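Chain by chain, the residues run as shown.
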Amino acid sequence: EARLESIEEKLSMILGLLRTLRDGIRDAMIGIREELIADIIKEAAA
Amino acid sequence: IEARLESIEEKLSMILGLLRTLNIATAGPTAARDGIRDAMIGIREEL
Amino acid sequence: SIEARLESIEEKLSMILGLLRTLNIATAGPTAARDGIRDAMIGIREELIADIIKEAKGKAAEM
Amino acid sequence: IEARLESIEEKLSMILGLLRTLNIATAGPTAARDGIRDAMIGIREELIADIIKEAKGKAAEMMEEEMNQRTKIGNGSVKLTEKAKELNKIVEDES
Amino acid sequence: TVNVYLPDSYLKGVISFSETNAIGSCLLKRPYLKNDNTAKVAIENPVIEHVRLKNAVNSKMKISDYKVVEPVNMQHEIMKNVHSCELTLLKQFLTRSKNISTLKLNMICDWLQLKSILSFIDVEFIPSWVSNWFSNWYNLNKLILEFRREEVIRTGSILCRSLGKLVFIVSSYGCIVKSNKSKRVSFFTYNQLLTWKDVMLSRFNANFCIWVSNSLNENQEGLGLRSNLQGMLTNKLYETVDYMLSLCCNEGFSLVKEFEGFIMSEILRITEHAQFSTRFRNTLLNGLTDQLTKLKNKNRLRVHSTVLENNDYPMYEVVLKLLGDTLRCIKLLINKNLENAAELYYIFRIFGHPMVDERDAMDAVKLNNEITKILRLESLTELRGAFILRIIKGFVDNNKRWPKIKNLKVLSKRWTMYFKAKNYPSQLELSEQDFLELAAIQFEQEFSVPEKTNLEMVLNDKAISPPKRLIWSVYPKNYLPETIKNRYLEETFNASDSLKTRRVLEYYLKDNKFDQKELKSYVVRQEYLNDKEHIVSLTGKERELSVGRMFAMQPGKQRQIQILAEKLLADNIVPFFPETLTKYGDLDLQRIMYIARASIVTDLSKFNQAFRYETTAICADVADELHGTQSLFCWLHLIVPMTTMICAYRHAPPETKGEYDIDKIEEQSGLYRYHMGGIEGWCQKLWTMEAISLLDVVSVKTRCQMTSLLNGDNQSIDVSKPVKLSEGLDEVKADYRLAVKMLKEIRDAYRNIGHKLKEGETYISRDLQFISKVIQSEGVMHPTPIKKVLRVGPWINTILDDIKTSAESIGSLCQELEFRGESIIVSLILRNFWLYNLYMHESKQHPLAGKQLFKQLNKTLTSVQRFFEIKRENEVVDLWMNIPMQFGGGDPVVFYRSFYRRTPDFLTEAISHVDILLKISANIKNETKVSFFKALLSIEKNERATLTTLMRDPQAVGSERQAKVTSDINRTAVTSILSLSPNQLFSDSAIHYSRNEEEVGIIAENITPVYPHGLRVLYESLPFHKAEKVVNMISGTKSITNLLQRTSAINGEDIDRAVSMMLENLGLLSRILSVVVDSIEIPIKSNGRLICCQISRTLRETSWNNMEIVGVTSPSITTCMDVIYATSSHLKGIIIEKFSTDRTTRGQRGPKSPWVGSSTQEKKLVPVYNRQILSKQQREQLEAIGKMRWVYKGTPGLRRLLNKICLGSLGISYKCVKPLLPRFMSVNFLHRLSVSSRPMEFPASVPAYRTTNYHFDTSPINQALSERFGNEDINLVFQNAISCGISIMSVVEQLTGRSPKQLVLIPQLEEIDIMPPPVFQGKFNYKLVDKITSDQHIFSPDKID
Ligand SMILES: COc1cc(C(=O)NNC(=O)c2cc(C(C)(C)N)cc(-c3ccc(F)cc3)n2)ccc1OC1CC1
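Conventions and cut-offs
- Residues numbered from 1 in each chain as written, not as in the entry; some residues may be left out.
- Chains lettered and ligands numbered in written order.
- Heavy atoms only, no water.
- Helix = DSSP H or I, 4+ residues; strand = E, 2+ residues; numbered from the N terminus.
- Rg over C-alpha atoms; globule rule 2.2 N^0.38 Å.
- Buried < 20%, exposed > 50% of the residue type's maximum accessible area, 1.4 Å probe, protein only.
- Areas by Shrake-Rupley, 256 points an atom, 1.4 Å probe, with all protein chains shown as cover.
- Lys, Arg positive; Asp, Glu negative; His and termini not counted.
- Charge placed at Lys NZ, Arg CZ, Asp CG, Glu CD.
- Contact = heavy atoms within 4.5 Å.
- Buried area = accessible area lost by both parts, 1.4 Å probe.
- Salt bridge = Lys/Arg side-chain N within 4 Å of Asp/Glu carboxyl O.
- Polar contact = N/O pair within 3.5 Å; in protein donor to acceptor, adjacent residues only side chain to side chain.
- Near = heavy atom within 4 Å.
- Pairing = 2+ DSSP bridges.
- Axes fitted to C-alpha atoms, helices over the stretch in contact; angles between N-to-C directions.
- Nonpolar A, V, L, I, M, F, W, Y, C, P; charged D, E, K, R; others polar.
- Parallel < 35°, antiparallel > 145°, perpendicular 65-115°, else oblique.
- Core = buried A, V, L, I, M, F, W, Y, C linked by side-chain atoms within 4.5 Å.
- Domains from an automatic or database assignment.

(A) Looking closely at the overall build of chain E. A tally of regular secondary structure across chain E gives 50 helices and 22 strands. In terms of C-alpha radius of gyration, chain E reaches 33 Å, essentially the compact-globule figure of 34 Å for 1345 residues. Overall, the C-alpha framework of chain E stretches about 85 × 85 × 85 Å when taken along its three principal axes. Here chain E holds 1345 residues, and the buried ones make up 61% of them. Total accessible area on chain E stands at roughly 53,300 Å², and carbon and sulfur atoms take up 51% of it. When the 174 positive and 148 negative side-chain charges of chain E are each reduced to one mean point, those points stand 0 Å apart.

Here it is in structure tokens:
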């Protein structure tokens, strides 16, 4: 009943941003850098 | 019963992630269209 | 059908995930490439990652 | 509990409808032949109206014939035009 | 010191609209054919060549006394002009060809046991619809050859000659024709002078072939070709179309284009039910009449403000009547006969070629490559899902696993369990939602980009564009302003020698700072996205019969990227798509051949210009993910829209306002910038894959079974579906309904992606009938015999006019009348006609050699006479022209080639041919015919036995008994040129080449016995091999000593070398007959005949100092086998029997499957490991090392040599690659070894359908062989014996009207020997390889980490 609460909350956000079809650049930057370091770790010894 | 719920939550998380980038190319203004270029040119030297 | 009422949810939201993937690929084109934002839209692909490591280690070795 | 499942089902169904009916207009010249206009997304009719109001001259025509009009064929059987019947009468006769 | 400009003899090029306009505008001082910028520049600042042409013309009669017309208004008068008659010459040629042909016919009938047919060709009554074309061609060709001879002496020459009532003034840069009868003048190019000649030649060849076939078939049916064409009606067709094209100036070729469609409609009427045929015919007629209506305005718009504006155009009615008459002529030639319709496919050439406008096709495609396209997201994602599903299936089938998936959380439970189980659903599953939810998957890197640049990939003999700033170098200086010229001279001083070349070879060999690791960094860093110096040029070179087809061209840097992307797709991803890769050779020709069945044949010719980034990226992204790159498979739509389209042809300039930068010049008829579509051929594989994957979605949406074949530019979709609806309209209406419904579905599917299929390019049918452009109906194939023999004549397919290559080409082209057509006599007659013309009439005058050649020929002709004591000089040429070329005679077809296609041991075949030729020749004494072989065996074998010759050519002979070739004589010159180049890598490789060549032969010198095919394998296992390819690619360039100079002319050294080779190969027969040793024993047989296999083996052994070769000698089926005719009664031979009872067998099919002679080689125990990461070159290395390990076992030094090779090539030890190597389990590699130089198929010399109606029994011959030999292997090839038997069945029916019911081939056991597996003794010289691998490392593969 807890994961569903987050689920119902996020559907409203998803529809809100989908109806438009400032801050997203920073989100994209942090997102790419999130997996860039992990991929580098895997690529870099065994 | 429980794997399905967490899988649904993860898939919605990726849905939100995708929906964030979709409004930089066409839905986003051309003025801020060049903002990410500085960071991208900086990634080669940020690591 | 309690366990079947949320597996259809999963399939449907995976379908919209595929739709959004295709939409994201489509909109990052010649306009995005010239402004140097296409790679942030698609991401890094294990090949530019090796390139940066080699120069980073090469410079570190040159020390 | 159960009701929220139905609510999320409705939300997903309508999101699927919206994403199924969505259309894309490709990137191209800005109608001033100076720069490239980026791709657009929206409903088919509004995109067509905007693009046609943008188009000038012969280009517009082919667009009208390439996205609005289409080949209307039923049970095949293409009819030969009146001018093409004269070729037929000169070719298939006196042989 | 001496540079020559030998012109062309055949078209081999393109007719230019702008060059003609420039010539005419310079001569008239008014626009000609058009009022574009070309006319302006030509009027104001004409080029020096056109000024000289103008002066030459003015010195002669004045131009204002005649009506100026286009060169195409003159064909009717040019094709009807009569000069001196040439009937006696034609009679002489025909008589001599008949003599040579009767000698060969005696040869065949002697051993086929047969017992005046050439008398059916009556030379005194030639129709005169064959003679006129011969006379026209003779006169025009004489003029052209005289001009070529004159031009070789002086750089720029103008020659004037009178041909009847026409006067020609010919030059290398322009031509004029004036007609006194009509009082009119025309201006054209050197092309349009030797295309009219080609039209005359083709008309003569076609009419001659049909006349000969009709003469043969009127006395014995089945002796000639299986098609009955009237020749008078073909002459009428030629004249009518000539007149129609003359009236309709140059827009009439778009009207000639529809003859193929008309023939297709006739075939469909013959073979199908009215519903399909009427639809096709009506669709054709509507478009044809639309074009007919639109013709007049096009011409009247083009010729505005021109000298031709005052000429009158034909009205609608006259052109309509002309079309009616020509279509009547075509329809009457097809007398409801499907063989005539397939026969008439040769008329697409017989009328001439159109004059292509460089700046008009570009304009026509501009607006197609510019419009915005509205796309549906759902279909766009379904296509991506189908592509991903194809990839998944390919990996699951080949590797038994899924590709690596970045995130295993975008999958539902169904696809999650499918992932865990490592399989995929069946076609009955996979609804649309499956594609939608599959399109969410992202792959990880499964492949790789090679770090080193593949020198065999980039290096080619092609052209490249200049950079953006150095683009004014493609136009004459006179055509440009002064400021442009000054700034261009300033700019060309700052450029390097590599950024000044328009050729790839000079682009690389002249590079001073080349690096093999540069391309990897270039691709990974995406240093092509924002390139100011990027440009796409469109030189406008095209192909046949089209008003526009632009050949695109690029600078070298991005050319590398295009080549690399195409190669990576071909190597890694084109597999998984059997529909496309298997198109040519297996899929369509033989493999593919109530439940309703139908076919759709949509075209994909103009497929690239409707593609956009949004339609290509959805799959190029999957390719990038698999290969790990960022943007390498979608470069085109990322870079092309940012640059300028130029159309940089030599003459047509742009109208610049005096500014250097092309990106600043306003868009014109030849310039535009925002090109949103695709370029033709640059990303063809990806677009093909998308087209294939769209049909998967279409098939899933409906529930039909679709199979797709991609034969060229056509897509053939064969559709099946259980109709489950009957009791009304039974069978034909069901097929029609299925076809219509699926046509609607396919057109809708293509529309949703952005392609608007035209009504005139897609059609429906009941069964596929034009796959790869071959007409096959009901299992019988109807050939187009006279389509490859239209241009047979003197000096064909020769860079420099050398008789050897020209004779080989004549023979090769005429052998098709035997392979495809079912007539051997027609092919013999044509071949000997043209060979006699070449040798005895055209060798007296050579542009570069003079009379020398003929003198040489006349000496060889004397010697043979003196050797054979021939009384009459006329019958010594007959004998000489039936001797193989390998011994120094003129005969570019060996005997066996008429019965089976492939063989080992060419030498034994040549020996057998000469033996039978001397056997039938009841003109020489018996002593001399046995003395010829003693002369052949008299050798001076004491010479250097280098084993690299056998590595290059396992079937090579030594001691100068062989004929020399171009590669072996140009090798030293090419290496010497490469040694002096700025590129350090190439210079070092060329410096070490000689030593590496001398050392590669020493590795296995002390190994016995010598197995030349094992030596070939060892050769392939070394990097030297690859270098030896590059040299051979540069040897064939027509100018070796001018590679590093910008001359585009043939140097004197090259001419001297070529002439020396040509003159030295013409005396080989004289050389071998000079010395005879009388102490040589010929192995005569107990039949009174000589054993050809033993003589061949002795000759091969002696020429190599008696070094006991093994595995190369094998008997010829023509001499080790005796053919007789019975009914299940004879002594232990192979029996060939006929299924049916009918007399003849042409045009029928039988119950049996087609006979293809396969080898069933190398029973192989392949390993089980991942091979996806390895490039193709590394896989070939592993295969070569495996073959080396298999062939040589227990030989001392083998393991050390293998370790050296593995370390040199792959960089890792031999014991670390042992698991990766394949394991062969077989004892006889003399039989099972598969390697180049060793044929892997043994087909018969008849079409496939003809082999389906015979069957063979080999039990008695097996019993006889087991009685004589043991159970071990022998020399005789079995596939080849069966092939020869089938071809005998066919040829006997050809020569005699009755096909034998059964024939038996008895083996003669004195010609057959055994090949037990050999045991090798001696130690390998394994050290040398090290050095080689060090100095040829630029051609090595990438080292395995
Ligand atoms: C593919 O390259 C080759 C293949 C062969 C080949 O196939 N050798 N043949 C037999 O070993 C064989 C054995 C037997 C036995 C087992 C005794 N019954 C019978 C027959 C046989 C033949 C014709 C017939 F009409 C009937 C039976 N042949 C030979 C040489 C080849 O290339 C190298 C010379 C360069």
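(B) Seen up close, the interface of chain D and chain E. Counting residues at the interface gives 49 residues for chain D, matched by 50 residues for chain E. The contact between chain D and chain E buries some 4,400 Å² in all, and 60% of this surface belongs to carbon and sulfur atoms. Our count for the chain D to chain E interface comes out at 5 salt bridges. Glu92(D) is paired through a salt bridge with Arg281(E); the nearest N and O atoms lie 3.7 Å apart. Counting every contact that joins chain D to chain E gives 18 residue pairs in polar contact. Where the side of chain D that touches chain E is concerned, the elements lending two or more residues are α1 (2-21), β1 (23-25), β2 (28-29), β3 (36-37), α2 (44-54), α3 (58-68) and α4 (84-91) of chain D. For the side of chain D that touches chain E, the element with the most residues is α3(D), which contributes 7 residues.

(C) Quick look at the site of the ligand. All names here are of chain E. Neighbouring residues of the ligand: 17 residues in total, closest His 1231, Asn 1262, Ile 1274, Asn 1275 and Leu 1276. One of the backbone N or O atoms of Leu 1276 is found 2.8 Å from a nitrogen atom in the ligand. Those elements that place two or more of their residues in the shell around the ligand are α47 (1229-1232) and α48 (1259-1268). A per-element tally of the shell around the ligand places α48 first, with 3 residues.

(D) The sheet that holds strand β11 (residues 705-711) of chain E, seen in detail. Residues and elements named next belong to chain E. Reading across from one edge, β11-β12-β10-β13 is the order of the 4 strands in this open sheet, with antiparallel pairing throughout. For this open sheet the edge positions go to β11 and β13 (764-765), each flanked by a neighbour on one side alone. In the sheet, β11 pairs with strand β12 (residues 714-722) via 7 bridges, with the strands oriented antiparallel. Bridged to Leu 709 within β12 is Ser 716. Packed onto the sheet, helix α28 (residues 732-753) meets β10 (595-600), β11, β12 and β13 and runs at close to 45° relative to β10.

(E) Representation of the interface of chain C and chain E in the model. Listed by partner, the interface residues are 31 residues for chain C and 38 residues for chain E. Both faces considered, chain C and chain E share a buried interface measuring about 3,200 Å² in area, 53% of it formed by carbon and sulfur atoms. Note that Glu451(E) and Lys54(C) form a salt bridge whose closest N and O atoms lie 3.4 Å from each other. The tally of links between chain C and chain E comes to 15 residue pairs in polar contact. In terms of residues, the side of chain C that touches chain E owes the most to one element, helix α1 (residues 7-27) of chain C, which gives 14 residues. When the residues that make up the side of chain C that touches chain E are grouped by side-chain class, the tally is 12 nonpolar, 5 polar and 14 charged.

(F) Representation of the packing of helix α44 (residues 1176-1191) of chain E against helix α45 (residues 1198-1209) of chain E. Residue and element names in this part refer to chain E. Relative to each other, α44 and α45 sit at 175°, their axes nearing to 11 Å. Considering their axes alone, α44 and α45 lie roughly antiparallel with respect to each other. Side by side, α44 and α45 meet where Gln 1181, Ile 1185, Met 1188 and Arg 1189 of the first sit next to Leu 1198, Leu 1201, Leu 1202, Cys 1206 and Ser 1209 of the second. Broken down by class, the residue content of the contact of α44 with α45 amounts to 6 nonpolar, 2 polar and 1 charged.

(G) Summary view of unusual backbone geometry. Residues and elements named next belong to chain E. In this model, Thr 1008 is joined to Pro 1009 through a cis peptide bond whose omega is -5°. Relative to the elements of secondary structure, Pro 1009 occurs in the loop between α38 (984-1000) and α39 (1012-1020). Its identity is not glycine, yet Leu 430 carries a phi of approximately 65°, on the positive side. You can see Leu 430 is positioned in the loop between α16 (413-421) and α17 (432-438). Owing to a relative accessible area of 4%, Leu 430 belongs among the buried residues under this scheme.

(H) Main features of the nonpolar core. Counting 218 residues, the largest nonpolar core has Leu112(E), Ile263(E), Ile347(E), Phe351(E) and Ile1288(E) as its most contacted members. A domain split of this core shows at least three residues from each of domain 1 (377-439 + 686-781) and domain 3 (1124-1138 + 1242-1317) of chain E. With residues up to four places along the chain from it excluded, the contact list for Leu112(E) reads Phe899(E), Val1123(E), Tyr1125(E), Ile1288(E), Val1291(E) and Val1292(E). Listed in part, the 208 residues of the second largest apolar core include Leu19(D), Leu380(E), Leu978(E) and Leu1043(E).

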